[PDB]
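>
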Amino acid sequence: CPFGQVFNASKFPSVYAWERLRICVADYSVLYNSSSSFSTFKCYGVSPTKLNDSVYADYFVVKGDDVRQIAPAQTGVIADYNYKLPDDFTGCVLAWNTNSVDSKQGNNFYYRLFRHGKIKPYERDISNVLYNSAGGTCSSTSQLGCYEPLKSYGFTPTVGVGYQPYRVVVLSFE
Amino acid sequence: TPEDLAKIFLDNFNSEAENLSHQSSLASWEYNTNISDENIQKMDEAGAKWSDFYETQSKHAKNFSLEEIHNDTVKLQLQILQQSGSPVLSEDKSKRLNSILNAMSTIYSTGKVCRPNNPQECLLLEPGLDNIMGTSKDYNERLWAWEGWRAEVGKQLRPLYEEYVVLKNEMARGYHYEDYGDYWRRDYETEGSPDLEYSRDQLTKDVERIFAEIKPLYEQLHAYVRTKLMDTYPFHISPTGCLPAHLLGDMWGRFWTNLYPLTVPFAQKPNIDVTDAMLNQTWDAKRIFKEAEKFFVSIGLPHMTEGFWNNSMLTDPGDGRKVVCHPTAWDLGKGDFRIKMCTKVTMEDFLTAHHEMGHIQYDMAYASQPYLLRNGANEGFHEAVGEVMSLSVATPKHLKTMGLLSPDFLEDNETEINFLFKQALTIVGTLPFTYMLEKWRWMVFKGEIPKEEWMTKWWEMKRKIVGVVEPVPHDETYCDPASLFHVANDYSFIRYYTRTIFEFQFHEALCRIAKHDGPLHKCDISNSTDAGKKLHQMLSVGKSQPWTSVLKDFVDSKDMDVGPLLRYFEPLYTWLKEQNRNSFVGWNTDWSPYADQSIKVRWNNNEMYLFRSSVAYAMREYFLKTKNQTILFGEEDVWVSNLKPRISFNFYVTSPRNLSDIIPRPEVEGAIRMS
Ligand SMILES: *[C@@H]1O[C@H](CO)[C@@H](O)[C@H](O)[C@H]1NC(C)=O
Ligand SMILES: *[C@@H]1O[C@H](CO)[C@@H](O)[C@H](O)[C@H]1NC(C)=O
Ligand SMILES: *[C@@H]1O[C@H](CO)[C@@H](O)[C@H](O)[C@H]1NC(C)=O
Ligand SMILES: *[C@@H]1O[C@H](CO)[C@@H](O)[C@H](O)[C@H]1NC(C)=O
Ligand SMILES: *[C@@H]1O[C@H](CO)[C@@H](O)[C@H](O)[C@H]1NC(C)=O
Ligand SMILES: *[C@@H]1O[C@H](CO)[C@@H](O)[C@H](O)[C@H]1NC(C)=O
Ligand SMILES: *[C@@H]1O[C@H](CO)[C@@H](O)[C@H](O)[C@H]1NC(C)=O
Ligand SMILES: *[C@@H]1O[C@H](CO)[C@@H](O)[C@H](O)[C@H]1NC(C)=O
Ligand SMILES: *[C@@H]1O[C@H](CO)[C@@H](O)[C@H](O)[C@H]1NC(C)=O
Ligand SMILES: [Zn+2]
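Chains as they are written, first to last, in the deposited numbering: chain B, 326 to 348, 351 to 380, 385 to 505; chain A, 20 to 621, 635 to 707.
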């Protein structure tokens, strides 16, 4: 199966609009033979020495500091509104630093900050309407209480390691 | 409900601001590193977008009630937005005020003084006059530069400053402050428990208290300088009186640093200078910052990040672009920290590197705070933290372990005072200047001093507080407290007073945790992680807590305290005291350089004009008829002193356009009697 189209992909999606491909021979030569490549690598419910003996891959760009939210039983802007995993989760989360690729002039990634309620596990909300802080809907951001739910990451070539884009791939083993 | 809505508002502001202020700051960096016509307009464009956003959000922030918020880190952020970003002025008054400030800045920055033998030769302040006041020993040249500046730039800023004060007060009242002076010192105000509260109108009481405690030491420094300075400028300085303003080694008299070479305790003892050691050992500009880092690291502070080392302009790049060589530490936002310097292999720029890295450690410390709270607890803390670090590395003990000061070098108690004296001229000699400058401005904005009394009160209180007297009298067409950078460009000057007081409170606290045993002026907090981590705790708080409580947890007190300053300089004090045994200590505010030879006379500005013209007339005829000399005296050549409107005044006359040459009293009296 084309792991090269996920890990070696030319572009990743925004965290608010993550993409999912379904996974053939279960190779691991790109996961456990080169671990100096990944900055973060944590597994849940399974060990690196057990996986070898449907797996769908969810991938997206998130800033370094928010990488910690990509885990079971987490809270936060990403965990609650963009990408949620169930407490009973089995699989691995891998991430690496791609500042040299994604932090350019015309590369704009977005995350959701405001929503009328939290998202369910594996739910993907890609709508874009004005958020009314008092409840319901509104128009014109000039009016107090009206905000845009999607905000960009201010990614630039020279910014801190905690504000640098990371490419995250989540392998869920069902 | 209303608190949650306020929180949503702030969450929107902070997430939207963080990646917007970044662009404006980044554009500013690029401009100062590469000065171009294209870069300046990009800087303004990025700045404009940020400013517009802030204004809109500040206006929105006004319709949330503070009484409905039960959270301190929320209520505080609302207060910050509500009281700034949106002046309450008519469009005509918004176009105007921004047209006076720009005018004043320009007039100051392009100001020049020409010569009374030659017009096409004019000196500018920065490359010119400043390097005369700090070097020359010629009474007459010093007077020219001093007076010329005030008589050239000062006369242009007077009518602008008057309009400025009126408009700024109206603006301040739009934020519900009594006046602009009151607005300025709002930064020191705190809310909280009855024990930890502080009122903005308390600052005007506390700085006075500290000053009164400082004065007894200043008087000893003053008397010493006066008796030593008298041997360089004989017949110009009285043993019982004030020092002439132009003889202080500075254009404004802000620092007495440049008097050191004239007033040095032990001229036969050298000062420590490792510029030669740095060059001999083959130091470069980079090594200086690596050593600065090592110092901070040794006390448990974080290492400098890679972004700093790769992006900062630490050394002038050579050529191909013009840079602004004015040392400053930058926080670009979002983990992007930099230092902008044109570093040279010298001792003075060694201490500077430590000072600017002191800033960047602080900026990192509170990076975790909400955008609006990413600042110091107080405006005086940010420079106290930076400066306290330069005291610990100026100590010979540090240079000896570093290998910059020669091995087996001998130091004694003769040279410790030689050293403290030099510092006193910078730290103590500047405090009464800062104090009375800000005090005067406060009274002007408040409205205690009428426009017609601006210059009379300025020099009246300056002679009383500082002990400095003008070489020539000034009427109300002048504006001396406008020919200085901070006054012309609308900056607060109190932050240069309180940071000196805090600096030594921090110094003593640190030298105590580090278990120093000995004199306070010879302590060293290097390798002391117990003092370092205690400091870090005080820095990381940012502005999320009132400075009174932030200070208490670090220094074990609340109000600012000069005690530590007086103790630091105690040695020196007890030495000056035994030197000033045959001299007079203190001064009398009734002596002036021009009061010896003047005529007492016993009624608006138009009547005074006629009087002065009449005097010039009598002079012209007296000289022509008596000595057969043709001298063209004008109205501008007759100076008026001690004006007590309608009743009396003093006057004297100088040779045409010659400031230094005063006509002998018996000769001018003759002209008056003759006609
Ligand atoms: C991308 O492909 C190359 C060549 O097969 C491989 O060496 C590299 O590890 C792949 N990258 C990732 C993240 O697997
Ligand atoms: C690569 O993975 C295989 C299978 O787990 C393992 O036997 C081999 O030692 C790994 N290579 C390295 C260099 O660890
Ligand atoms: C400075 O800015 C000018 C104007 O855009 C540009 O042409 C020049 O190359 C810049 N200098 C450097 C070193 O980038
Ligand atoms: C403040 O919010 C209230 C409630 O929606 C609204 O009535 C009022 O017009 C708003 N005031 C301002 C200054 O926008
Ligand atoms: C204020 O809000 C912050 C979160 O924004 C919370 O951590 C803190 O405990 C709150 N304080 C109070 C008194 O509610
Ligand atoms: C430093 O100065 C001493 C003078 O005694 C000289 O001998 C030595 O060679 C100099 N250092 C260097 C690197 O030249
Ligand atoms: C500075 O940038 C260069 C780019 O060629 C890089 O190789 C070097 O490692 C960077 N410096 C640091 C401290 O990372
Ligand atoms: C700090 O300790 C180190 C040894 O770890 C020593 O080499 C250095 O000289 C000490 N610094 C000072 C100022 O004593
Ligand atoms: C320096 O100390 C010595 C004692 O070691 C003392 O006799 C001398 O007078 C002191 N110098 C001054 C200026 O007090
Ligand atoms: Zn500073």
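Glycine included, each C-beta is placed from N, C-alpha and C at the ideal position.
1) At least one CB of chain B closer than 8 Å to the CB of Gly354(A): is that the case?
2) Select from the segment 25 to 42 of chain A all residues with a C-beta closer than 9 Å to any C-beta belonging to chain B, and list them in chain order.
3) Would you say the beta carbon of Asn682(A) comes nearer than 7 Å to a heavy atom of ligand 9?
4) Residues in its own chain within less than 8 Å of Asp427(A) by CB, not counting five upstream and five downstream?
5) For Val574(A) and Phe523(A), I'd like the C-alpha separation in whole angstroms.
6) Got a sec: which bits of the segment 469 to 485 of chain B sit with their beta carbon under 7 Å from any beta carbon on chain A, in order along the chain?
7) Across which residues does DSSP place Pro496(B) in a beta bridge pair?
8) Measuring straight from C-alpha to C-alpha, what distance separates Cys344(A) and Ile401(B)?
9) Look at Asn82(A) and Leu378(B) and say whether their C-beta atoms are less than 8 Å apart.
10) So, helix, strand or coil for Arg443(B), using DSSP?
11) Over the uninterrupted beta strand (DSSP E) stretch that includes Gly422(B), give me the two end residues.
12) Could you name each continuous alpha helix (DSSP H) segment of 4 residues or more that falls completely within the segment 52 to 101 of chain A, going from the start of the chain to the end?
13) Okay, do the segment 387 to 395 of chain B and the segment 480 to 500 of chain B touch, 3+ Cβ pairs below 8 Å being the bar?
14) Would you check if the segment 538 to 552 of chain A and the segment 573 to 590 of chain A touch, i.e. whether three or more CB-CB distances between them fall below 8 Å?
15) For a cutoff of 8 Å on Cβ pairs, would you count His79(A) as touching chain B?
16) Can you name, in chain order, every residue of its own chain whose Cβ lies under 6 Å from the Cβ of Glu402(A), other than the five neighbours on each side?
17) Using a Cβ-Cβ cut-off of less than 7 Å, list which residues of the segment 67 to 92 of chain A approach chain B; keep chain order.
18) Below 8 Å CB to CB, which residues in the same chain sit around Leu424(A) once its five sequence neighbours on both sides are set aside?
19) With DSSP collapsed to three states, give me the class of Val620(A).
20) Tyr654(A) and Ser707(A): beta carbons closer than 8 Å?
21) Start and end of the alpha helix (DSSP H) containing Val244(A)?
22) Starting from the beta carbon of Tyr387(B), find every residue of chain A whose beta carbon is closer than 9 Å, and list them in chain order.
23) Which residues does DSSP list as the beta-bridge partners of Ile358(A)?
24) Check whether the Cβ of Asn437(A) lies closer than 8 Å to any Cβ atom in chain B.
25) On the DSSP bridge assignment, give the partners of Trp671(A) in chain order.
26) In whole angstroms, what separates the C-alpha of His265(A) from that of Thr154(A)?
27) Does the Cβ-Cβ distance between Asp350(A) and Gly326(A) come in under 8 Å?
28) On the criterion of 16 or more Cβ atoms from any shown chain inside 10 Å, does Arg482(A) qualify as buried, or is it exposed?
29) Counting only C-beta atoms, is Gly326(A) closer than 8 Å to chain B at any point?
30) Any C-beta of chain A within less than 8 Å: which residues of the segment 490 to 502 of chain B qualify?
31) Run down chain B in chain order and give the residues with a C-beta less than 8 Å from the C-beta of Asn159(A).
32) Straight-line CA distance for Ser568(A) to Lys577(A)?
33) Where does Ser339(B) sit, in a helix, a strand or coil, going by DSSP?
34) For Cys530(A), report the span of its alpha helix (DSSP H) as first-last.
35) Start and end of the beta strand (DSSP E) containing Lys369(B)?
36) Around the Cβ of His322(A), are there at least 16 other Cβ atoms within 10 angstroms (buried) or fewer (exposed)?
In this structure, then:
1) Looking up residue 354(A) in the second sequence gives position 335. At least one chain B Cβ lies under 8 Å of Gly354(A).
2) Taking 9 Å as the Cβ-Cβ cut-off against chain B, the residues of the segment 25 to 42 of chain A that qualify are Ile27, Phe28, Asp30, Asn31, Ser34, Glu35, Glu37, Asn38, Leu39, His41, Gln42.
3) As a working note, residue 682(A) is residue 650 in the second sequence. For ligand 9, not one heavy atom lies less than 7 Å from the Cβ of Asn682(A).
4) Your numbering for residue 427(A) matches position 408 in the second sequence. Correct list: empty, nothing qualifies.
5) Walking along the second sequence from the start, residue 574(A) turns up at place 555. Walking along the second sequence from the start, residue 523(A) turns up at place 504. The straight-line gap from Cα to Cα measures roughly 10 Å.
6) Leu475, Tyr478, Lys482, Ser483, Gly485
7) Taking the first residue of the first sequence as position 1, residue 496(B) is located at position 165. Beta-bridge pairing links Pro496(B) to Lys394(B).
8) Against the second sequence, residue 344(A) aligns to sequence position 325. Against the first sequence, residue 401(B) aligns to sequence position 70. Answer to the nearest angstrom: the Cα atoms are 45 Å apart.
9) Residue 82(A) sits at position 63 when you count from the first residue of the second sequence. Residue 378(B) sits at position 51 when you count from the first residue of the first sequence. Cβ distance not < 8 Å, so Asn82(A) and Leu378(B) don't count as in contact.
10) Along the first sequence, read from residue 1 onward, the residue named residue 443(B) stands at position 112. Strand.
11) Counted from its first residue, the first sequence places residue 422(B) at position 91. Taken as a continuous stretch (DSSP letters only), the beta strand (DSSP E) holding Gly422(B) covers 422 to 428.
12) Within the segment 52 to 101 of chain A, the complete alpha helix (DSSP H) runs of at least 4 residues are 56 to 79, 91 to 101.
13) yes
14) yes
15) Numbered from 1 along the second sequence, position 60 holds the residue referred to as residue 79(A). Yes, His79(A) counts as interfacial toward chain B.
16) Along the second sequence, one-based indexing puts residue 402(A) at 383. Contacts found: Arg518.
17) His79, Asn82
18) Against the second sequence, residue 424(A) aligns to sequence position 405. Only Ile291, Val293, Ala296, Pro415, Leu418 meet the Cβ criterion.
19) Locating residue 620(A) in the second sequence gives position 601, counting from the first residue. It is a strand residue.
20) What you label residue 654(A) is simply residue 622 of the second sequence in a count that begins at 1. What you label residue 707(A) is simply residue 675 of the second sequence in a count that begins at 1. By the CB criterion at 8 Å, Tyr654(A) and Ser707(A) fall inside the cutoff.
21) For the purposes of this step, residue 244(A) is taken as the residue at position 225 of the second sequence. It spans 222 to 248 - the alpha helix (DSSP H) in which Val244(A) sits, taken as one unbroken run.
22) The residue you call residue 387(B) lines up with position 56 of the first sequence. Chain A residues near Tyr387(B): none, gap ~31 Å exceeds 9 Å.
23) To locate residue 358(A), count along the second sequence from 1; it is residue 339. According to DSSP, which records beta bridges pairwise, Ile358(A) is partnered with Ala348(A).
24) If you number the second sequence from 1, residue 437(A) lands on position 418. Closer than 8 Å: no.
25) What you label residue 671(A) is simply residue 639 of the second sequence in a count that begins at 1. DSSP, once it has assigned bridges, lists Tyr684(A) as partnering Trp671(A).
26) Within the second sequence, the letter at position 246 stands for residue 265(A). Within the second sequence, the letter at position 135 stands for residue 154(A). Answer to the nearest angstrom: the Cα atoms are 12 Å apart.
27) Locating residue 350(A) in the second sequence gives position 331, counting from the first residue. Locating residue 326(A) in the second sequence gives position 307, counting from the first residue. Result no, Cβ atoms of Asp350(A) and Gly326(A) do not sit closer than 8 Å.
28) For this step, residue 482(A) is matched to residue 463 along the second sequence. Classification of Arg482(A): buried, given that the 10 Å Cβ count is 16 or more.
29) As a first step, residue 326(A) is located in the second sequence; it is residue number 307 there, counting from the start. By the rule that beta-carbons nearer than 8 Å mark a contact, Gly326(A) touches chain B.
30) Those would be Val490, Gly491, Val492, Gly493, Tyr494, in chain order.
31) For the purposes of this step, residue 159(A) is identified with residue 140 of the second sequence, where counting begins at 1. What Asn159(A) touches in chain B: nothing, since even the nearest Cβ is about 54 Å away.
32) By 1-based counting over the second sequence, the position of residue 568(A) is 549. By 1-based counting over the second sequence, the position of residue 577(A) is 558. So the two alpha carbons sit approximately 7 Å from each other.
33) In the first sequence, residue 339(B) corresponds to position 14, counting from 1. Three-state DSSP puts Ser339(B) in a strand.
34) Here residue 530(A) refers to the residue found at position 511 when the second sequence is read from its first residue. Run containing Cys530(A): 514 to 532, per the alpha helix (DSSP H) assignment.
35) Reading the first sequence from its first residue, position 42 is the one you call residue 369(B). Note, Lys369(B): beta strand (DSSP E), 367 to 371.
36) One-based indexing of the second sequence puts residue 322(A) at position 303. Flag for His322(A) reads exposed.
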